[PDB]
Amino acid sequence: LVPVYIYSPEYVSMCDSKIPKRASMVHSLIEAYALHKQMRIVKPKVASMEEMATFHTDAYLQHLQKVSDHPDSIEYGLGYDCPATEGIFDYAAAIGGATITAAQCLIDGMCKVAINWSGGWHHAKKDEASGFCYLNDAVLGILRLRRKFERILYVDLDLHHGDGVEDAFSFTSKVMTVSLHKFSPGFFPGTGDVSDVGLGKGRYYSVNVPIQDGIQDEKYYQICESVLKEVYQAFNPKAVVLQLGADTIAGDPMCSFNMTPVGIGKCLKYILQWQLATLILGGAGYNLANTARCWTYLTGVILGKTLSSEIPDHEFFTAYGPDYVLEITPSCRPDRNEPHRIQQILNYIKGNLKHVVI
Ligand SMILES: CN(C)c1ccc(C(=O)NCCCCCCC(=O)NO)cc1
Ligand SMILES: [K+]
Ligand SMILES: [K+]
Ligand SMILES: [Zn+2]
């Protein structure tokens, strides 16, 4: 019935310690619009060792636990991108447990939509941290959904390729991954061309949409809708995990895409009208107020509400200056997506999906 909102004061505090206080900012703006009163608030459980090991190796988890300049930390992806800091293991278990909790609410029929805005760390591998992701909560959520759902669709609308989730399932046809992302030689993580379709028994069950700098709402939605329409018809998913990293939004320091929350919101609406069990994740997002703006707007989308344009007073009201509105304005810079290259990509994907059964 009513969407589940994964939240506790303790969870937000844990998450608050790259994105300082971002979790507080997201939650307080959502509360400032009183959207929490229309959702079922569910305290997240901390992920157990066994739950985390549904994906990650015990060697990696014990190392993460142990360092939470160790000679083995380079081997496990900890360092330049993923600093070893105290309590990072408790932080990871909290995020992983929160997404698992959301997945369990979906399995139990408590809701059709469960939200963990602090999840979405799509780069972590079974045995290695990557791209500021210590634990892959999306994979953990998908593996939990697999207890019930025979076909799971993962949609990744983060600026970056969801490589960790794709690689985790690249050999299976039970989970289809779809990532829209900037793809450009030199741009992290460097994978996810349209020719990347998965491996072995999973061949054609990964979909990658490489997009160039400067794309705005209308063309982004056209791409997303056409891919997801073809995907829905070909795969007939029974559950969806949706990653909504806001580093695509105009004003992010990544300064790559030029999206607003309204355009992401149309993609979200298209997925929601499927009326499937849907697990909503956040992810990256480096302009903190814009990320709160985005995910607050999307929470309203989930609840079918139109939010007031004026940022309501709350703890972080001043971060929304000097104009204090919810809307985000695209930057005045070129869209580098050639329409015929985009259509070539769509044709390639359509052909790939003709091989997908059931
Ligand atoms: C100014 N400064 C200190 C930095 C700027 C950029 C990066 C970076 O992109 N590094 C490569 C790793 C990018 C991982 C992207 C994480 C993400 O948003 N995934 O969705 C690093 C430092
Ligand atoms: K993506
Ligand atoms: K797959
Ligand atoms: Zn990203």
# chains A, B, ... in the order shown; residues from 1 in each chain; ligands from 1
call {"tool": "closest_atom_pairs", "arguments": {"of": "chain A", "to": "ligand 1", "cutoff": "10 Å", "atoms": "only C-alpha atoms and all ligand atoms", "output": "JSON lines"}}
result
{"residue": "A:18", "atom": "CA", "partner": "ligand 1", "partner_atom_place_in_ligand_line": "3 (C)", "distance": 9.5}
{"residue": "A:80", "atom": "CA", "partner": "ligand 1", "partner_atom_place_in_ligand_line": "21 (C)", "distance": 8.5}
{"residue": "A:81", "atom": "CA", "partner": "ligand 1", "partner_atom_place_in_ligand_line": "12 (C)", "distance": 6.1}
{"residue": "A:82", "atom": "CA", "partner": "ligand 1", "partner_atom_place_in_ligand_line": "12 (C)", "distance": 9.2}
{"residue": "A:120", "atom": "CA", "partner": "ligand 1", "partner_atom_place_in_ligand_line": "20 (O)", "distance": 8.5}
{"residue": "A:121", "atom": "CA", "partner": "ligand 1", "partner_atom_place_in_ligand_line": "20 (O)", "distance": 7.2}
{"residue": "A:122", "atom": "CA", "partner": "ligand 1", "partner_atom_place_in_ligand_line": "20 (O)", "distance": 6.8}
{"residue": "A:123", "atom": "CA", "partner": "ligand 1", "partner_atom_place_in_ligand_line": "19 (N)", "distance": 6.8}
{"residue": "A:124", "atom": "CA", "partner": "ligand 1", "partner_atom_place_in_ligand_line": "19 (N)", "distance": 9.9}
{"residue": "A:130", "atom": "CA", "partner": "ligand 1", "partner_atom_place_in_ligand_line": "14 (C)", "distance": 7.6}
{"residue": "A:131", "atom": "CA", "partner": "ligand 1", "partner_atom_place_in_ligand_line": "14 (C)", "distance": 4.0}
{"residue": "A:132", "atom": "CA", "partner": "ligand 1", "partner_atom_place_in_ligand_line": "16 (C)", "distance": 5.9}
{"residue": "A:133", "atom": "CA", "partner": "ligand 1", "partner_atom_place_in_ligand_line": "16 (C)", "distance": 7.7}
{"residue": "A:156", "atom": "CA", "partner": "ligand 1", "partner_atom_place_in_ligand_line": "20 (O)", "distance": 9.5}
{"residue": "A:157", "atom": "CA", "partner": "ligand 1", "partner_atom_place_in_ligand_line": "20 (O)", "distance": 9.3}
{"residue": "A:158", "atom": "CA", "partner": "ligand 1", "partner_atom_place_in_ligand_line": "20 (O)", "distance": 5.7}
{"residue": "A:159", "atom": "CA", "partner": "ligand 1", "partner_atom_place_in_ligand_line": "20 (O)", "distance": 6.1}
{"residue": "A:160", "atom": "CA", "partner": "ligand 1", "partner_atom_place_in_ligand_line": "20 (O)", "distance": 4.7}
{"residue": "A:161", "atom": "CA", "partner": "ligand 1", "partner_atom_place_in_ligand_line": "20 (O)", "distance": 7.2}
{"residue": "A:162", "atom": "CA", "partner": "ligand 1", "partner_atom_place_in_ligand_line": "20 (O)", "distance": 7.4}
{"residue": "A:163", "atom": "CA", "partner": "ligand 1", "partner_atom_place_in_ligand_line": "20 (O)", "distance": 9.6}
{"residue": "A:181", "atom": "CA", "partner": "ligand 1", "partner_atom_place_in_ligand_line": "20 (O)", "distance": 9.3}
{"residue": "A:186", "atom": "CA", "partner": "ligand 1", "partner_atom_place_in_ligand_line": "11 (C)", "distance": 9.9}
{"residue": "A:187", "atom": "CA", "partner": "ligand 1", "partner_atom_place_in_ligand_line": "9 (O)", "distance": 7.9}
{"residue": "A:188", "atom": "CA", "partner": "ligand 1", "partner_atom_place_in_ligand_line": "13 (C)", "distance": 5.7}
{"residue": "A:189", "atom": "CA", "partner": "ligand 1", "partner_atom_place_in_ligand_line": "13 (C)", "distance": 7.3}
{"residue": "A:243", "atom": "CA", "partner": "ligand 1", "partner_atom_place_in_ligand_line": "20 (O)", "distance": 9.8}
{"residue": "A:244", "atom": "CA", "partner": "ligand 1", "partner_atom_place_in_ligand_line": "20 (O)", "distance": 9.7}
{"residue": "A:245", "atom": "CA", "partner": "ligand 1", "partner_atom_place_in_ligand_line": "20 (O)", "distance": 6.6}
{"residue": "A:246", "atom": "CA", "partner": "ligand 1", "partner_atom_place_in_ligand_line": "18 (O)", "distance": 8.7}
{"residue": "A:247", "atom": "CA", "partner": "ligand 1", "partner_atom_place_in_ligand_line": "18 (O)", "distance": 6.5}
{"residue": "A:248", "atom": "CA", "partner": "ligand 1", "partner_atom_place_in_ligand_line": "18 (O)", "distance": 9.4}
{"residue": "A:253", "atom": "CA", "partner": "ligand 1", "partner_atom_place_in_ligand_line": "5 (C)", "distance": 8.5}
{"residue": "A:254", "atom": "CA", "partner": "ligand 1", "partner_atom_place_in_ligand_line": "6 (C)", "distance": 7.6}
{"residue": "A:282", "atom": "CA", "partner": "ligand 1", "partner_atom_place_in_ligand_line": "20 (O)", "distance": 10.0}
{"residue": "A:283", "atom": "CA", "partner": "ligand 1", "partner_atom_place_in_ligand_line": "20 (O)", "distance": 6.5}
{"residue": "A:284", "atom": "CA", "partner": "ligand 1", "partner_atom_place_in_ligand_line": "18 (O)", "distance": 4.5}
{"residue": "A:285", "atom": "CA", "partner": "ligand 1", "partner_atom_place_in_ligand_line": "18 (O)", "distance": 6.8}
{"residue": "A:286", "atom": "CA", "partner": "ligand 1", "partner_atom_place_in_ligand_line": "18 (O)", "distance": 8.0}
call {"tool": "residues_near_ligand", "arguments": {"ligand": "ligand 3", "cutoff": "8 Å", "atoms": "only C-alpha atoms and all ligand atoms", "output": "PDB file with N, CA and C atoms, in the first residue's frame"}}
result
ATOM      1  N   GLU A 166      26.382  -4.992 -12.454  1.00  0.00           N
ATOM      2  CA  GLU A 166      26.414  -5.727 -13.718  1.00  0.00           C
ATOM      3  C   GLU A 166      27.344  -6.942 -13.631  1.00  0.00           C
ATOM      4  N   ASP A 167      28.569  -6.736 -13.142  1.00  0.00           N
ATOM      5  CA  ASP A 167      29.518  -7.846 -13.082  1.00  0.00           C
ATOM      6  C   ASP A 167      29.022  -8.951 -12.153  1.00  0.00           C
ATOM      7  N   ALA A 168      28.366  -8.577 -11.044  1.00  0.00           N
ATOM      8  CA  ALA A 168      27.851  -9.576 -10.105  1.00  0.00           C
ATOM      9  C   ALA A 168      26.870 -10.533 -10.772  1.00  0.00           C
ATOM     10  N   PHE A 169      26.128 -10.062 -11.774  1.00  0.00           N
ATOM     11  CA  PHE A 169      25.107 -10.888 -12.405  1.00  0.00           C
ATOM     12  C   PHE A 169      25.380 -11.130 -13.889  1.00  0.00           C
ATOM     13  N   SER A 170      26.586 -10.846 -14.380  1.00  0.00           N
ATOM     14  CA  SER A 170      26.810 -10.893 -15.821  1.00  0.00           C
ATOM     15  C   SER A 170      26.675 -12.303 -16.405  1.00  0.00           C
ATOM     16  N   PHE A 171      26.747 -13.351 -15.583  1.00  0.00           N
ATOM     17  CA  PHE A 171      26.614 -14.715 -16.087  1.00  0.00           C
ATOM     18  C   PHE A 171      25.219 -15.302 -15.891  1.00  0.00           C
ATOM     19  N   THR A 172      24.241 -14.513 -15.437  1.00  0.00           N
ATOM     20  CA  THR A 172      22.923 -15.071 -15.148  1.00  0.00           C
ATOM     21  C   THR A 172      21.836 -14.301 -15.876  1.00  0.00           C
ATOM     22  N   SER A 173      20.746 -15.007 -16.166  1.00  0.00           N
ATOM     23  CA  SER A 173      19.584 -14.415 -16.804  1.00  0.00           C
ATOM     24  C   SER A 173      18.440 -14.180 -15.831  1.00  0.00           C
ATOM     25  N   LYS A 174      18.642 -14.460 -14.543  1.00  0.00           N
ATOM     26  CA  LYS A 174      17.630 -14.162 -13.535  1.00  0.00           C
ATOM     27  C   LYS A 174      17.567 -12.683 -13.186  1.00  0.00           C
ATOM     28  N   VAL A 175      18.655 -11.953 -13.409  1.00  0.00           N
ATOM     29  CA  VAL A 175      18.738 -10.523 -13.129  1.00  0.00           C
ATOM     30  C   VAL A 175      19.214  -9.841 -14.400  1.00  0.00           C
ATOM     31  N   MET A 176      18.432  -8.897 -14.902  1.00  0.00           N
ATOM     32  CA  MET A 176      18.848  -8.057 -16.012  1.00  0.00           C
ATOM     33  C   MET A 176      19.287  -6.708 -15.461  1.00  0.00           C
ATOM     34  N   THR A 177      20.483  -6.257 -15.851  1.00  0.00           N
ATOM     35  CA  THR A 177      20.967  -4.930 -15.468  1.00  0.00           C
ATOM     36  C   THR A 177      20.865  -3.978 -16.653  1.00  0.00           C
ATOM     37  N   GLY A 198      26.927  -8.833 -21.243  1.00  0.00           N
ATOM     38  CA  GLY A 198      27.009  -9.944 -20.319  1.00  0.00           C
ATOM     39  C   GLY A 198      27.684 -11.136 -20.956  1.00  0.00           C
ATOM     40  N   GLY A 202      24.405 -15.488 -19.245  1.00  0.00           N
ATOM     41  CA  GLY A 202      23.841 -14.171 -19.084  1.00  0.00           C
ATOM     42  C   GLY A 202      23.979 -13.276 -20.289  1.00  0.00           C
ATOM     43  N   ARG A 203      24.507 -13.780 -21.401  1.00  0.00           N
ATOM     44  CA  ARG A 203      24.694 -12.945 -22.579  1.00  0.00           C
ATOM     45  C   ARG A 203      23.354 -12.411 -23.063  1.00  0.00           C
ATOM     46  N   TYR A 204      23.288 -11.087 -23.223  1.00  0.00           N
ATOM     47  CA  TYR A 204      22.139 -10.252 -23.603  1.00  0.00           C
ATOM     48  C   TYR A 204      21.300  -9.868 -22.390  1.00  0.00           C
ATOM     49  N   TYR A 205      21.674 -10.278 -21.175  1.00  0.00           N
ATOM     50  CA  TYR A 205      20.940  -9.869 -19.985  1.00  0.00           C
ATOM     51  C   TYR A 205      21.630  -8.722 -19.236  1.00  0.00           C
ATOM     52  N   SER A 206      22.583  -8.049 -19.881  1.00  0.00           N
ATOM     53  CA  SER A 206      23.072  -6.742 -19.460  1.00  0.00           C
ATOM     54  C   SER A 206      22.845  -5.766 -20.605  1.00  0.00           C
TER      55      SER A 206
END
call {"tool": "closest_residue", "arguments": {"among": "A:96, A:70, A:8, A:37", "to": "residue 49 in chain A", "atoms": "only C-alpha atoms"}}
result
A:96
call {"tool": "closest_residue", "arguments": {"among": "A:197, A:280, A:288, A:211", "to": "ligand 2", "atoms": "only C-alpha atoms and all ligand atoms"}}
result
A:211
call {"tool": "select_by_dssp", "arguments": {"residues": "range 60-175 of chain A", "states": "strand (DSSP E)", "output": "PyMOL selection string"}}
result
chain A and resi 113-116+152-156+175
call {"tool": "write_last_selection", "arguments": {"atoms": "N, CA and C atoms", "output": "PDB file, in the first residue's frame"}}
result
ATOM      1  N   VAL A 113       6.660  -0.220  -2.866  1.00  0.00           N
ATOM      2  CA  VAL A 113       7.820   0.655  -3.020  1.00  0.00           C
ATOM      3  C   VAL A 113       8.506   0.781  -1.669  1.00  0.00           C
ATOM      4  N   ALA A 114       9.805   0.484  -1.630  1.00  0.00           N
ATOM      5  CA  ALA A 114      10.619   0.653  -0.434  1.00  0.00           C
ATOM      6  C   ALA A 114      11.831   1.506  -0.788  1.00  0.00           C
ATOM      7  N   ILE A 115      12.113   2.522   0.034  1.00  0.00           N
ATOM      8  CA  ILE A 115      13.076   3.579  -0.275  1.00  0.00           C
ATOM      9  C   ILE A 115      14.235   3.519   0.716  1.00  0.00           C
ATOM     10  N   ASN A 116      15.468   3.429   0.204  1.00  0.00           N
ATOM     11  CA  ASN A 116      16.679   3.625   1.009  1.00  0.00           C
ATOM     12  C   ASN A 116      17.551   4.641   0.271  1.00  0.00           C
ATOM     13  N   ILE A 152      14.468 -10.213 -11.930  1.00  0.00           N
ATOM     14  CA  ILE A 152      14.678  -8.925 -11.284  1.00  0.00           C
ATOM     15  C   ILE A 152      15.363  -8.001 -12.274  1.00  0.00           C
ATOM     16  N   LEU A 153      14.825  -6.794 -12.418  1.00  0.00           N
ATOM     17  CA  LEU A 153      15.406  -5.773 -13.268  1.00  0.00           C
ATOM     18  C   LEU A 153      16.110  -4.744 -12.390  1.00  0.00           C
ATOM     19  N   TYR A 154      17.373  -4.489 -12.683  1.00  0.00           N
ATOM     20  CA  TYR A 154      18.140  -3.447 -12.022  1.00  0.00           C
ATOM     21  C   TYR A 154      18.331  -2.330 -13.036  1.00  0.00           C
ATOM     22  N   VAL A 155      17.907  -1.121 -12.671  1.00  0.00           N
ATOM     23  CA  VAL A 155      18.040   0.062 -13.507  1.00  0.00           C
ATOM     24  C   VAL A 155      18.927   1.046 -12.764  1.00  0.00           C
ATOM     25  N   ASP A 156      19.967   1.531 -13.431  1.00  0.00           N
ATOM     26  CA  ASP A 156      20.998   2.355 -12.806  1.00  0.00           C
ATOM     27  C   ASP A 156      21.062   3.674 -13.566  1.00  0.00           C
ATOM     28  N   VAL A 175      18.655 -11.953 -13.409  1.00  0.00           N
ATOM     29  CA  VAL A 175      18.738 -10.523 -13.129  1.00  0.00           C
ATOM     30  C   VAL A 175      19.214  -9.841 -14.400  1.00  0.00           C
TER      31      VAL A 175
END
call {"tool": "closest_residue", "arguments": {"among": "A:61, A:224, A:93, A:67", "to": "ligand 2", "atoms": "only C-alpha atoms and all ligand atoms"}}
result
A:224
call {"tool": "select_by_dssp", "arguments": {"residues": "range 92-337 of chain A", "states": "helix (DSSP H, G or I)", "output": "tab-separated table (two decimals) with N, CA and C atoms, in the first residue's frame"}}
result
chain	number	residue	atom	x	y	z
A	92	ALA	N	29.30	0.26	6.44
A	92	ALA	CA	28.93	-0.61	5.33
A	92	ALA	C	27.82	-1.56	5.73
A	93	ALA	N	27.96	-2.20	6.89
A	93	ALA	CA	26.92	-3.12	7.35
A	93	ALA	C	25.59	-2.40	7.53
A	94	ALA	N	25.62	-1.14	7.95
A	94	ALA	CA	24.38	-0.38	8.09
A	94	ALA	C	23.71	-0.16	6.74
A	95	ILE	N	24.49	0.27	5.74
A	95	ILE	CA	23.94	0.51	4.40
A	95	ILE	C	23.42	-0.79	3.80
A	96	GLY	N	24.24	-1.84	3.84
A	96	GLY	CA	23.81	-3.13	3.35
A	96	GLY	C	22.56	-3.63	4.06
A	97	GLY	N	22.51	-3.50	5.38
A	97	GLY	CA	21.34	-3.96	6.10
A	97	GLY	C	20.10	-3.15	5.75
A	98	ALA	N	20.28	-1.85	5.51
A	98	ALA	CA	19.15	-1.00	5.17
A	98	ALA	C	18.53	-1.41	3.84
A	99	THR	N	19.36	-1.69	2.83
A	99	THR	CA	18.81	-2.13	1.55
A	99	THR	C	18.21	-3.53	1.66
A	100	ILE	N	18.83	-4.41	2.44
A	100	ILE	CA	18.25	-5.74	2.66
A	100	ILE	C	16.90	-5.62	3.35
A	101	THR	N	16.80	-4.71	4.32
A	101	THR	CA	15.54	-4.51	5.02
A	101	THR	C	14.46	-4.07	4.05
A	102	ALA	N	14.80	-3.13	3.17
A	102	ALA	CA	13.87	-2.68	2.15
A	102	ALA	C	13.42	-3.84	1.28
A	103	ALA	N	14.37	-4.68	0.87
A	103	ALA	CA	14.05	-5.83	0.03
A	103	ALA	C	13.11	-6.78	0.76
A	104	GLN	N	13.31	-6.95	2.07
A	104	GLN	CA	12.48	-7.87	2.84
A	104	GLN	C	11.06	-7.34	2.99
A	105	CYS	N	10.91	-6.02	3.15
A	105	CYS	CA	9.57	-5.44	3.17
A	105	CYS	C	8.85	-5.70	1.85
A	106	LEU	N	9.58	-5.65	0.74
A	106	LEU	CA	8.99	-5.94	-0.56
A	106	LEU	C	8.57	-7.41	-0.67
A	107	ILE	N	9.43	-8.32	-0.23
A	107	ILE	CA	9.11	-9.75	-0.25
A	107	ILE	C	7.89	-10.04	0.61
A	137	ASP	N	25.41	-2.75	-1.71
A	137	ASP	CA	24.09	-2.96	-1.13
A	137	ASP	C	23.05	-3.29	-2.18
A	138	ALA	N	23.18	-2.75	-3.40
A	138	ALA	CA	22.25	-3.10	-4.47
A	138	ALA	C	22.30	-4.59	-4.78
A	139	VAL	N	23.51	-5.15	-4.90
A	139	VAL	CA	23.62	-6.59	-5.11
A	139	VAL	C	22.99	-7.34	-3.95
A	140	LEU	N	23.29	-6.92	-2.71
A	140	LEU	CA	22.69	-7.58	-1.56
A	140	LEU	C	21.16	-7.49	-1.60
A	141	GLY	N	20.63	-6.33	-1.98
A	141	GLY	CA	19.18	-6.21	-2.12
A	141	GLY	C	18.62	-7.13	-3.19
A	142	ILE	N	19.32	-7.23	-4.32
A	142	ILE	CA	18.86	-8.11	-5.40
A	142	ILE	C	18.90	-9.56	-4.95
A	143	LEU	N	19.99	-9.97	-4.28
A	143	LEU	CA	20.07	-11.34	-3.81
A	143	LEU	C	18.98	-11.65	-2.78
A	144	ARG	N	18.55	-10.65	-2.01
A	144	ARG	CA	17.43	-10.88	-1.10
A	144	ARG	C	16.13	-11.03	-1.88
A	145	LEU	N	15.89	-10.13	-2.85
A	145	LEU	CA	14.71	-10.26	-3.70
A	145	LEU	C	14.64	-11.62	-4.38
A	163	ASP	N	28.92	-0.89	-12.77
A	163	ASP	CA	29.72	-2.06	-13.15
A	163	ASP	C	29.69	-3.15	-12.09
A	164	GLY	N	29.69	-2.77	-10.81
A	164	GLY	CA	29.72	-3.77	-9.76
A	164	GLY	C	28.48	-4.65	-9.78
A	165	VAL	N	27.31	-4.05	-9.98
A	165	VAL	CA	26.07	-4.80	-10.05
A	165	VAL	C	26.01	-5.61	-11.33
A	166	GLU	N	26.38	-4.99	-12.45
A	166	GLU	CA	26.41	-5.73	-13.72
A	166	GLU	C	27.34	-6.94	-13.63
A	167	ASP	N	28.57	-6.74	-13.14
A	167	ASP	CA	29.52	-7.85	-13.08
A	167	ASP	C	29.02	-8.95	-12.15
A	168	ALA	N	28.37	-8.58	-11.04
A	168	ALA	CA	27.85	-9.58	-10.10
A	168	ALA	C	26.87	-10.53	-10.77
A	169	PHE	N	26.13	-10.06	-11.77
A	169	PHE	CA	25.11	-10.89	-12.41
A	169	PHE	C	25.38	-11.13	-13.89
A	200	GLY	N	28.30	-15.61	-21.21
A	200	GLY	CA	27.81	-16.98	-21.06
A	200	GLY	C	26.30	-17.06	-21.07
A	201	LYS	N	25.77	-17.72	-20.04
A	201	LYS	CA	24.32	-17.85	-19.87
A	201	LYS	C	23.65	-16.50	-19.66
A	202	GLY	N	24.40	-15.49	-19.25
A	202	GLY	CA	23.84	-14.17	-19.08
A	202	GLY	C	23.98	-13.28	-20.29
A	217	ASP	N	16.66	16.83	-19.88
A	217	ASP	CA	15.54	15.98	-19.48
A	217	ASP	C	14.86	15.28	-20.66
A	218	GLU	N	14.49	16.04	-21.70
A	218	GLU	CA	13.62	15.48	-22.73
A	218	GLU	C	14.31	14.36	-23.51
A	219	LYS	N	15.55	14.58	-23.95
A	219	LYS	CA	16.23	13.54	-24.71
A	219	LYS	C	16.60	12.36	-23.81
A	220	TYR	N	16.94	12.63	-22.55
A	220	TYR	CA	17.22	11.54	-21.61
A	220	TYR	C	16.00	10.66	-21.43
A	221	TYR	N	14.83	11.27	-21.23
A	221	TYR	CA	13.63	10.47	-21.05
A	221	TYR	C	13.30	9.66	-22.30
A	222	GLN	N	13.52	10.24	-23.48
A	222	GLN	CA	13.25	9.51	-24.72
A	222	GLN	C	14.09	8.24	-24.80
A	223	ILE	N	15.38	8.36	-24.50
A	223	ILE	CA	16.27	7.20	-24.46
A	223	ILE	C	15.80	6.21	-23.41
A	224	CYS	N	15.57	6.70	-22.19
A	224	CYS	CA	15.24	5.80	-21.09
A	224	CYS	C	13.93	5.07	-21.36
A	225	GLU	N	12.91	5.80	-21.81
A	225	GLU	CA	11.63	5.16	-22.07
A	225	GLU	C	11.75	4.09	-23.16
A	226	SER	N	12.45	4.39	-24.25
A	226	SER	CA	12.52	3.42	-25.34
A	226	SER	C	13.27	2.16	-24.92
A	227	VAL	N	14.35	2.31	-24.14
A	227	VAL	CA	15.07	1.14	-23.65
A	227	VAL	C	14.20	0.35	-22.69
A	228	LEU	N	13.57	1.04	-21.74
A	228	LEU	CA	12.83	0.33	-20.71
A	228	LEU	C	11.58	-0.32	-21.27
A	229	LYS	N	10.95	0.30	-22.28
A	229	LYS	CA	9.84	-0.36	-22.96
A	229	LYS	C	10.30	-1.66	-23.61
A	230	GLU	N	11.41	-1.62	-24.35
A	230	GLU	CA	11.91	-2.84	-24.97
A	230	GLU	C	12.31	-3.86	-23.91
A	231	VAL	N	12.90	-3.39	-22.82
A	231	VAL	CA	13.34	-4.30	-21.76
A	231	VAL	C	12.14	-4.95	-21.10
A	232	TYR	N	11.10	-4.16	-20.79
A	232	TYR	CA	9.94	-4.71	-20.11
A	232	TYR	C	9.26	-5.77	-20.97
A	233	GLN	N	9.10	-5.50	-22.27
A	233	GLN	CA	8.46	-6.47	-23.16
A	233	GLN	C	9.29	-7.74	-23.29
A	234	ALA	N	10.61	-7.60	-23.32
A	234	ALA	CA	11.46	-8.76	-23.59
A	234	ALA	C	11.72	-9.58	-22.33
A	235	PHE	N	11.83	-8.93	-21.18
A	235	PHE	CA	12.25	-9.59	-19.95
A	235	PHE	C	11.11	-9.87	-18.98
A	261	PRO	N	15.67	17.09	-11.69
A	261	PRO	CA	14.88	16.01	-11.08
A	261	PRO	C	13.58	15.71	-11.82
A	262	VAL	N	13.03	16.65	-12.59
A	262	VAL	CA	11.80	16.38	-13.32
A	262	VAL	C	12.03	15.32	-14.39
A	263	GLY	N	13.18	15.39	-15.07
A	263	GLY	CA	13.48	14.39	-16.08
A	263	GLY	C	13.73	13.01	-15.49
A	264	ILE	N	14.53	12.93	-14.43
A	264	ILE	CA	14.68	11.66	-13.72
A	264	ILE	C	13.32	11.18	-13.23
A	265	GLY	N	12.48	12.11	-12.76
A	265	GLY	CA	11.16	11.76	-12.27
A	265	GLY	C	10.27	11.11	-13.31
A	266	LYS	N	10.39	11.51	-14.58
A	266	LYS	CA	9.61	10.86	-15.62
A	266	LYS	C	10.04	9.41	-15.81
A	267	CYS	N	11.35	9.15	-15.77
A	267	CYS	CA	11.84	7.78	-15.82
A	267	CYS	C	11.27	6.97	-14.66
A	268	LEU	N	11.29	7.56	-13.47
A	268	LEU	CA	10.76	6.90	-12.28
A	268	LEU	C	9.27	6.60	-12.44
A	269	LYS	N	8.51	7.57	-12.96
A	269	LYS	CA	7.08	7.35	-13.16
A	269	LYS	C	6.84	6.19	-14.12
A	270	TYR	N	7.65	6.09	-15.18
A	270	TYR	CA	7.49	5.01	-16.15
A	270	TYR	C	7.70	3.66	-15.49
A	271	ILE	N	8.70	3.56	-14.62
A	271	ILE	CA	8.95	2.31	-13.91
A	271	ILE	C	7.82	2.03	-12.93
A	272	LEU	N	7.34	3.06	-12.23
A	272	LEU	CA	6.33	2.85	-11.20
A	272	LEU	C	4.99	2.40	-11.79
A	288	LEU	N	25.29	18.86	-2.48
A	288	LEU	CA	24.49	18.21	-1.45
A	288	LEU	C	23.05	18.71	-1.45
A	289	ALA	N	22.85	20.03	-1.57
A	289	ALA	CA	21.48	20.54	-1.57
A	289	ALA	C	20.73	20.12	-2.83
A	290	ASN	N	21.40	20.11	-3.98
A	290	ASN	CA	20.72	19.64	-5.19
A	290	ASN	C	20.34	18.18	-5.07
A	291	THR	N	21.17	17.37	-4.40
A	291	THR	CA	20.85	15.96	-4.23
A	291	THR	C	19.64	15.79	-3.32
A	292	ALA	N	19.59	16.57	-2.23
A	292	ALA	CA	18.40	16.57	-1.39
A	292	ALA	C	17.20	17.09	-2.17
A	293	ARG	N	17.38	18.17	-2.93
A	293	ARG	CA	16.31	18.65	-3.79
A	293	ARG	C	15.80	17.54	-4.69
A	294	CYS	N	16.72	16.82	-5.32
A	294	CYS	CA	16.31	15.80	-6.28
A	294	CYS	C	15.53	14.69	-5.59
A	295	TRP	N	16.11	14.10	-4.54
A	295	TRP	CA	15.50	12.92	-3.94
A	295	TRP	C	14.23	13.27	-3.18
A	296	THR	N	14.15	14.48	-2.63
A	296	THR	CA	12.88	14.95	-2.06
A	296	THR	C	11.82	15.04	-3.15
A	297	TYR	N	12.15	15.68	-4.28
A	297	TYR	CA	11.21	15.74	-5.40
A	297	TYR	C	10.75	14.35	-5.82
A	298	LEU	N	11.70	13.41	-5.94
A	298	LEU	CA	11.36	12.05	-6.37
A	298	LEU	C	10.51	11.32	-5.33
A	299	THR	N	10.73	11.58	-4.04
A	299	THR	CA	9.84	11.04	-3.01
A	299	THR	C	8.41	11.53	-3.23
A	300	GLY	N	8.25	12.82	-3.51
A	300	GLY	CA	6.94	13.32	-3.91
A	300	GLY	C	6.38	12.63	-5.14
A	301	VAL	N	7.22	12.37	-6.14
A	301	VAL	CA	6.77	11.61	-7.30
A	301	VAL	C	6.23	10.25	-6.87
A	302	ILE	N	6.95	9.56	-5.98
A	302	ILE	CA	6.51	8.24	-5.55
A	302	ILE	C	5.14	8.33	-4.88
A	317	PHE	N	17.95	24.96	6.05
A	317	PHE	CA	17.34	25.92	5.13
A	317	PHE	C	18.38	26.77	4.43
A	318	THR	N	19.44	27.15	5.15
A	318	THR	CA	20.39	28.10	4.59
A	318	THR	C	21.21	27.52	3.45
A	319	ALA	N	21.36	26.19	3.38
A	319	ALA	CA	22.06	25.57	2.27
A	319	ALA	C	21.36	25.79	0.94
A	320	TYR	N	20.09	26.17	0.96
A	320	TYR	CA	19.31	26.28	-0.26
A	320	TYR	C	19.30	27.70	-0.80
call {"tool": "closest_residue", "arguments": {"among": "A:241, A:91, A:257, A:16", "to": "ligand 4", "atoms": "only C-alpha atoms and all ligand atoms"}}
result
A:257
call {"tool": "closest_residue", "arguments": {"among": "A:199, A:126, A:108, A:14", "to": "residue 90 in chain A", "atoms": "only C-alpha atoms"}}
result
A:14
call {"tool": "closest_residue", "arguments": {"among": "A:258, A:329, A:308, A:191", "to": "ligand 2", "atoms": "only C-alpha atoms and all ligand atoms"}}
result
A:191
call {"tool": "residues_around", "arguments": {"residues": "residue 311 in chain A", "least_positions_apart": "5", "cutoff": "6 Å", "atoms": "only C-alpha atoms", "output": "compact mmCIF listing (two decimals) with N, CA, C and O atoms, in the first residue's frame"}}
result
# COMPACT_ATOMS: atom_id res chain seq x y z
N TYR A 324 16.39 29.63 -2.65
CA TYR A 324 15.52 28.82 -1.78
C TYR A 324 14.32 28.23 -2.51
O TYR A 324 13.19 28.22 -2.00
N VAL A 325 14.54 27.69 -3.70
CA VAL A 325 13.49 26.96 -4.38
C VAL A 325 13.93 25.51 -4.58
O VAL A 325 15.11 25.16 -4.45
N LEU A 326 12.94 24.66 -4.88
CA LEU A 326 13.16 23.24 -5.10
C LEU A 326 13.59 22.94 -6.53
O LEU A 326 14.30 21.95 -6.76
